Amino acid sequence: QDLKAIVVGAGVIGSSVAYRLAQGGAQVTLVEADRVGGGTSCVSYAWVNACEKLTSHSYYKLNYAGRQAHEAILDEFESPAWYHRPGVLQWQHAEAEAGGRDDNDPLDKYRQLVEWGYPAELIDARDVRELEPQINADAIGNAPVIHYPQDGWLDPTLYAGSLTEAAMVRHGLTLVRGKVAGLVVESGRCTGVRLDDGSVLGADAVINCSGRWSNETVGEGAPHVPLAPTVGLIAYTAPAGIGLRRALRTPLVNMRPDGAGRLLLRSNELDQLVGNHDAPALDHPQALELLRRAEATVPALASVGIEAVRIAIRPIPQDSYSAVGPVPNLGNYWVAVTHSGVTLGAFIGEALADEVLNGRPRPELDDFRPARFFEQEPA
Amino acid sequence: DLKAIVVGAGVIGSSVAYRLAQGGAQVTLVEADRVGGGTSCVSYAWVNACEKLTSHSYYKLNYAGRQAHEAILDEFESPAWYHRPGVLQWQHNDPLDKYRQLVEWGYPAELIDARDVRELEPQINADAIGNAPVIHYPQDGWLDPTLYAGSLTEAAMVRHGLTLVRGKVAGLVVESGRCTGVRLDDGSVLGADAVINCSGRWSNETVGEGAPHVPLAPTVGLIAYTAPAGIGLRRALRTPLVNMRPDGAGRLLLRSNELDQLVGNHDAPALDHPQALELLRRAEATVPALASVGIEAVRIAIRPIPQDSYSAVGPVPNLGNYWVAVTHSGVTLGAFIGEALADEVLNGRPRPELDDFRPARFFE
Ligand SMILES: Cc1cc2nc3c(=O)[nH]c(=O)nc-3n(C[C@H](O)[C@H](O)[C@H](O)COP(=O)(O)OP(=O)(O)OC[C@H]3O[C@@H](n4cnc5c(N)ncnc54)[C@H](O)[C@@H]3O)c2cc1C
Ligand SMILES: Cc1cc2nc3c(=O)[nH]c(=O)nc-3n(C[C@H](O)[C@H](O)[C@H](O)COP(=O)(O)OP(=O)(O)OC[C@H]3O[C@@H](n4cnc5c(N)ncnc54)[C@H](O)[C@@H]3O)c2cc1C
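Listed in order, the protein sequences are those of chains A and B. Mapping the first sequence onto the working numbering, position 48 (from 1) lands on 49, and the numbers just tick up by one. Mapping the second sequence onto the working numbering, position 110 (from 1) lands on 118, and the numbers just tick up by one.
See below:
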């Protein structure tokens with residue numbers, strides 16, 4: 002009786018899809034070529050947010066539903082330690098994780114945030130140090146800073162590991178360490194996956210959650226979602242003897258606590274100087290510059306060094322927006338590939354579980370289906 | 009107003025400086041490297057009163073340290089440095105004897121078995137436990153001592169005017185048998201009414217040739233830190249093969265007393281250090297879901313003394329206005345030592361809980 006579902010990829014998205022499918026009664030096989038949470042989800046600022054999406058109201062609403070889903074799922078776990086919400090401070094001219102530099106006036110931006118219901122407040126530049134006194138007074142500038150007091154970041158690898166553990170223990174999910182090389186397709190319907198050893202894993206549904214590898218996973222077996230990948234480098238300090246509670250997104254650097262005093266540092270500007278295949282050396286020129294910018298922002302960081310550097314590729318559909326759903330003329334197959342995948346992961350899990358188990362697409366995804374990239378009329 | 013110099017900005021010095029500044033002293037905190045950058049940065053940091061049980065007096069001191077770490081949280085906004093998901097502990101002296109002693113003294117501990125662990129942490133390999141009894145400390149956890157030290161130092165500066173000096177103390181300034189300040193390695197002098205040496209394993213090196221020394225028996229410790237791991241583990245584990253616990257965003261901290269015996273004092277903390285690689289293997293044997301997770305960091309530190317009974321926390325007899333703090337369970341005791349030594353310096357009231365740690369006991 003039970004529907005057999007294969008989820009390819011165990012990142013923040015695939016772990017969510019697999020967990021909700023298994024909870025929904027499906028017999029789930031999660032196929033992961035590397036390790037649970039070891040892909041781009043391991044190299045992310047991971048701000049769970051809708052406030053970076055003020056141009057598309059429907060994309061804002063999708064990201065807001067993702068944010069709400071991350072709060073709701075915590076109730077299903079014991080002592081979940083993966084969603085830290087101490088607040089986020091965002092400057093005018095800050096770079097966005099979703100892309101670009103935001104030069105809009107903070108008061109105009111705040112009016113829109115209020116109208117769209119996002120929890121936020123403004124802080125005068127001269128009052129920022131009341132919240133975080135170790136910020137350099139010379140680094141703050143003169144414009145108001147947006148404070149998202151209930152916002153924070155995910156630990157996507159810990160999240161993915163916890164959901165996979167629960168899916169296995171509570172709902173009989175199986176984890177397969179293997180690399181999908183293509184799909185098995187019979188009469189226009191996908192009937193399973195083929196691994197790179199030629200072995201076949203049969204299923205009633207296949208959900209491709211392989212991130213920036215989305216098209217390489219299916220090869221010639223499925224239509225491709227056009228992608229526009231970019232590289233990201235993140236530097237992680239040794240544990241730092243500073244008091245910083247909140248995430249900081251200044252015109253110079255994006256930085257935040259990442260556990261036990263460690264700091265995560267990144268910059269869109271510096272990403273442009275990183276090659277796709279650069280070695281993540283601890284003395285990488287952009288990692289060293291990230292540390293310099295962090296110390297200029299918080300001078301109390303003196304003598305704290307870089308302990309880790311990670312590099313990954315962003316899954317980004319060609320038009321910037323999520324692609325979650327079926328593709329033309331291939332039954333029993335779904336794909337999920339998107340930027341802001343941390344924000345959206347939990348919601349994508351419940352949305353695709355509803356589609357696979359009950360044939361019920363969520364209305365929030367209406368503007369974000371893969372079909373928009375293909376022919377709209379019969380050829 | 010009393011002028012106090014605290015040397016060393018680890019978990020102990022930051023606590024002493026914080027409570028002294030809170031108490032009205034003008035505090036100068038002198039740190040040669042960085043706040044929280046010493047042994048406090050390389051610690052399992054279990055806040056506990058159950059390791060290496062000896063006397064009820066030693067338990068009461070460690071328990072007061074544990075309670076002080078909970079109480080201090082109320083003085084800070086959203087403190088993120090004390091994680092209490094529970095601790096699980098099993099061996100291959102006797103664990104029942106230890107469990108019974110802890111229950112009799114009132115410590116929150118429970119005796120469970122491998123089937124109970126399967127419910128709490130299902131990704132632990134049952135083979136790693138066997139039929140051994142398991143002690144669960146359900147309200148216990150660990151500190152982030154570097155984040156703690158940085159937060160207390162920030163608060164002391166903002167709220168109470170503490171000054172932080174990046175400098176290396178080379179000796180004490182003494183006038184007619186009384187300490188009147190410190191001398192830095194550039195020859196400059198910082199004067200004060202009281203000096204509290206909280207330089208950890210560097211305690212004797214800090215004061216140099218013209219000041220008293222306390223006994224030390226140093227040993228080396230290595231800790232390996234994994235990249236973020238896709239496992240669900242909530243609790244800290246203390247097992248026969250490895251002590252391992254979450255350390256942030258999925259990272260795991262790994263260490264072992266047995267493997268520490270094979271580490272040299274000046275070993276480079278290489279990511280492929282032979283004992284770091286063996287720690288990773290033992291961690292995967294304990295939690296097989298750790299497959300393909302690698303080592304991301306390795307840190308090495310020196311412990312000044314191997315057991316709590318070697319500790320020297322209090323005034324030093326042959327020199328006035330001078331205190332020292334050398335501990336074994338420095339994370340557990342840090343907050344309490346802060347309030348205890350602040351009380352001595354400000355009010356001349358030595359806490360009786362520190363009586364067994366008096367440095368004067370080493371001088372006849
Ligand atoms: C620097 C940076 C900062 C970011 N900041 C944010 C932020 O603040 N907020 C936000 O919401 N998003 C942010 N993101 C985006 C977010 O991190 C990603 O969108 C998200 O992690 C993608 O998740 P995923 O599960 O789709 O991909 P992944 O985590 O990469 O998971 C895909 C998995 O598929 C596996 N796989 C691949 N090919 C195969 C195969 N053939 N067979 C089997 N398994 C396979 C891989 O091993 C991998 O584990 C950021 C991204 C970057 C790079
Ligand atoms: C592997 C390991 C595991 C541990 N696990 C636990 C545990 O589970 N529970 C527990 O309670 N404890 C534990 N401990 C013990 C605990 O970590 C230490 O006792 C504690 O961190 C010591 O703090 P401290 O402030 O005294 O020393 P430190 O943190 O070393 O601080 C001393 C400071 O003095 C500075 N300094 C040195 N010389 C000078 C100078 N001349 N001038 C100025 N500054 C100077 C140094 O730079 C340093 O920052 C563990 C220790 C180790 C090594």
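We treat Cβ as the ideally placed atom computed from N, Cα and C, and that holds for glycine.
Next item on the list: Using a Cβ-Cβ cut-off of less than 9 Å, give me the residues of the region 156 to 190 of chain A that come near chain E, in sequence order.
Entry: Judged by its chain identifiers, the structure shown contains no chain E, and its protein chains are A and B.
Check: Going along chain B, which residues have a C-beta under 7 Å from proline 134 of chain A?
Finding: Residue 134 of chain A sits at position 133 when you count from the first residue of the first sequence. In chain order: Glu162 and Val166.
Next item on the list: Kindly list, in the order they appear in chain A, the residues whose Cβ is closer than 8 Å to that of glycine 44 of chain B.
Entry: The count along the second sequence starts at 1 and reaches residue 44 of chain B at position 36. Going along chain A in sequence order, the residues near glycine 44 of chain B (Cβ under 8 Å) are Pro240, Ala241, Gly242 and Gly262.
Notebook entry, point to check: Can you find at least 3 beta carbon pairs, one from the region 163 to 180 of chain B and one from the region 135 to 143 of chain B, that sit closer than 8 Å?
Noted result: no
Margin query: Is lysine 176 of chain B a contact residue of ligand 4, with contact defined as CB to any heavy atom under 7 Å?
Written below: You won't find ligand 4 in this model; what it holds is ligand 1 and ligand 2.
Check: Given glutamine 315 of chain B, which residues of its chain have a CB within under 7 Å of its CB, disregarding the five upstream and five downstream residues?
Finding: Against the second sequence, residue 315 of chain B aligns to sequence position 307. Cβ within range, chain order: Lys60 and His336.
Notebook entry, point to check: Are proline 312 of chain B and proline 367 of chain B closer than 8 Å when you measure CB to CB?
Noted result: What you label residue 312 of chain B is simply residue 304 of the second sequence in a count that begins at 1. What you label residue 367 of chain B is simply residue 359 of the second sequence in a count that begins at 1. Taking 8 Å as the Cβ cut-off, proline 312 of chain B and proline 367 of chain B do not qualify as a contacting pair.
Item checked: 8 Å Cβ cutoff met for residue 420 of chain A and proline 224 of chain A -> Because chain A spans 2 through 380 in this model, residue 420 of chain A falls outside it and cannot be assessed.
Margin query: Under 8 Å, with one C-beta from each stretch per pair, do the region 292 to 300 of chain A and the region 252 to 271 of chain A reach the 3-pair mark?
Written below: yes
Notebook entry, point to check: Can you tell me whether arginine 112 of chain A is buried or exposed, with buried defined as 16 or more other CB within 10 angstroms of its CB?
Noted result: On the first sequence, residue 112 of chain A is found 111 positions in, with the first residue counted as 1. Per the 10 Å Cβ criterion, exposed.
Check: Does the Cβ of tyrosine 52 of chain B lie closer than 7 Å to at least one heavy atom of ligand 2?
Finding: Reading the second sequence from its first residue, position 44 is the one you call residue 52 of chain B. Yes - ligand 2 has a heavy atom lying nearer than 7 Å to the Cβ of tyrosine 52 of chain B.
Item checked: Residues near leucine 172 of chain B by beta carbon distance below 6 Å, same chain, minus five either side -> Taking the first residue of the second sequence as 1, we reach residue 172 of chain B at position 164. If we look at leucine 172 of chain B and ignore the five residues flanking it on each side, its Cβ neighbours are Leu37.
Note to self: To test your reading of the DSSP string, which unbroken beta strand (DSSP E) runs of 3 or more residues are found completely within the region 291 to 315 of chain B?
What the structure shows: 303 to 311
Item checked: 8 Å Cβ cutoff met for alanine 313 of chain A and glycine 233 of chain A -> In the first sequence, residue 313 of chain A corresponds to position 312, counting from 1. In the first sequence, residue 233 of chain A corresponds to position 232, counting from 1. In this structure, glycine 233 of chain A lies closer than 8 Å to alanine 313 of chain A by Cβ.
Check: Near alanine 320 of chain B, what residues of its chain come up, given a Cβ to Cβ distance below 6 Å and the 5 sequence neighbours on each side ignored?
Finding: Taking the first residue of the second sequence as position 1, residue 320 of chain B is located at position 312. Hits under 6 Å: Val222, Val332, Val334 and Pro367.
Checklist line | Cutoff 8 Å: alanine 95 of chain A Cβ touching any chain B Cβ | finding: For this step, residue 95 of chain A is matched to residue 94 along the first sequence. It does not; no Cβ of chain B falls within 8 Å.
Checklist line | Between the CA atoms of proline 153 of chain B and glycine 356 of chain B - distance to the nearest angstrom | finding: Here residue 356 of chain B is taken as the residue at index 348 of the second sequence, counted from 1. Here residue 153 of chain B is taken as the residue at index 145 of the second sequence, counted from 1. About 28 Å.
Notebook entry, point to check: Using the beta-carbon of each residue, which ones in chain A are nearer than 7 Å to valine 301 of chain B?
Noted result: Your numbering for residue 301 of chain B matches position 293 in the second sequence. Per Cβ cutoff of 7 Å: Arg36.
Notebook entry, point to check: Given a threshold of 16 other Cβ atoms within 10 Å of its Cβ, counted over all protein chains shown, does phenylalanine 371 of chain B qualify as buried or as exposed?
Noted result: Within the second sequence, numbered from 1, the residue matching residue 371 of chain B stands at position 363. Result: exposed.
Margin query: Does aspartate 255 of chain B come out as helix, strand or coil in the three-state DSSP assignment?
Written below: In the second sequence, counting from the first residue as 1, residue 255 of chain B sits at position 247. Of the three classes helix, strand and coil, the one that applies to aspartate 255 of chain B here is strand, per DSSP.
Notebook entry, point to check: Which residue spans inside the region 60 to 109 of chain A form an unbroken beta strand (DSSP E) run of at least 3?
Noted result: 89 to 91
Notebook entry, point to check: How would you label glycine 272 of chain B, buried or exposed, when you count the other beta carbons within 10 angstroms and need 16 or more for buried?
Noted result: Translated into the one-based positions of the second sequence, residue 272 of chain B becomes position 264. Label assigned to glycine 272 of chain B: exposed.
Item checked: Cβ contact check for the region 209 to 219 of chain A and the region 14 to 29 of chain A: 3 or more pairs under 8 Å -> yes
Next item on the list: Using a Cβ cut-off of 8 Å, pull out every chain A residue sitting near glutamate 266 of chain B, in sequence order please.
Entry: Within the second sequence, numbered from 1, the residue matching residue 266 of chain B stands at position 258. The contacting residues do not exist; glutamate 266 of chain B stays about 25 Å from chain A at best.
Item checked: Distance, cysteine 49 of chain B Cα to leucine 192 of chain B Cα -> Taking the second sequence and counting its residues from 1, one reaches residue 192 of chain B at position 184. Taking the second sequence and counting its residues from 1, one reaches residue 49 of chain B at position 41. Their Cα atoms are separated by approximately 24 Å.
Check: Is any heavy atom of ligand 2 found at a distance shorter than 7 Å from the C-beta of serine 80 of chain A?
Finding: As a first step, residue 80 of chain A must be located in the first sequence, where it is residue number 79. It does not: the Cβ of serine 80 of chain A is nowhere closer than 7 Å to a heavy atom of ligand 2.
Margin query: Quick check on DSSP: helix, strand or coil for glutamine 34 of chain B?
Written below: Counting from one through the second sequence, the residue named residue 34 of chain B turns up at place 26. Strand at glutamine 34 of chain B.
Checklist line | Any chain A beta carbon closer than 8 Å to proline 146 of chain B | finding: As a position in the second sequence, residue 146 of chain B is number 138, starting the count at 1. For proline 146 of chain B, the answer is no, since every Cβ of chain A falls outside 8 Å of its Cβ.
Notebook entry, point to check: Whose CA, out of A:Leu366, A:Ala380 and A:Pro379, lies closest to the CA of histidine 58 of chain A?
Noted result: What you label residue 58 of chain A is simply residue 57 of the first sequence in a count that begins at 1. Looking at the Cα atoms, A:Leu366 is the closest of the given residues.
Next item on the list: Label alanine 380 of chain A either buried or exposed according to how many other C-beta atoms from any shown protein chain fall within 10 Å of its C-beta, with 16 as the threshold for buried.
Entry: Numbered from 1 along the first sequence, position 379 holds the residue referred to as residue 380 of chain A. Its Cβ having fewer than 16 others within 10 Å, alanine 380 of chain A is exposed.
Notebook entry, point to check: Any beta-carbon of chain B closer than 8 Å to the one on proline 327 of chain A?
Noted result: Taking the first sequence and counting its residues from 1, the one referred to as residue 327 of chain A is at position 326. Closer than 8 Å: no.
Next item on the list: Could you list which residues in chain A have their beta carbon closer than 9 Å to that of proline 254 of chain B, in chain order?
Entry: Position 246 of the second sequence, counted from the start, is the residue given in the question as residue 254 of chain B. Here the neighbours are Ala82, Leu159 and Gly260.
Check: Secondary structure at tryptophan 210 of chain B, three-state DSSP: helix, strand or coil?
Finding: As a first step, residue 210 of chain B is located in the second sequence; it is residue number 202 there, counting from the start. Of the three classes helix, strand and coil, the one that applies to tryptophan 210 of chain B here is helix, per DSSP.
Checklist line | Nearest-angstrom Cα separation, counted from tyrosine 318 of chain B out to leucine 341 of chain B | finding: Position 333 of the second sequence, counted from the first residue, corresponds to residue 341 of chain B. Position 310 of the second sequence, counted from the first residue, corresponds to residue 318 of chain B. Roughly 14 Å between the two C-alpha positions.
Note to self: Would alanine 237 of chain B and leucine 298 of chain B qualify as a contact pair, given that the criterion is a beta-carbon distance under 8 Å?
What the structure shows: Numbered from 1 along the second sequence, position 229 holds the residue referred to as residue 237 of chain B. Numbered from 1 along the second sequence, position 290 holds the residue referred to as residue 298 of chain B. Yes, the pair counts as a contact, with Cβ atoms nearer than the cut-off.
Check: Smallest Cα separation from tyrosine 156 of chain B: which of B:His91, B:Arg259 and B:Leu262?
Finding: Locating residue 156 of chain B in the second sequence gives position 148, counting from the first residue. Among B:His91, B:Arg259 and B:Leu262, the Cα nearest to that of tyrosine 156 of chain B belongs to B:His91.
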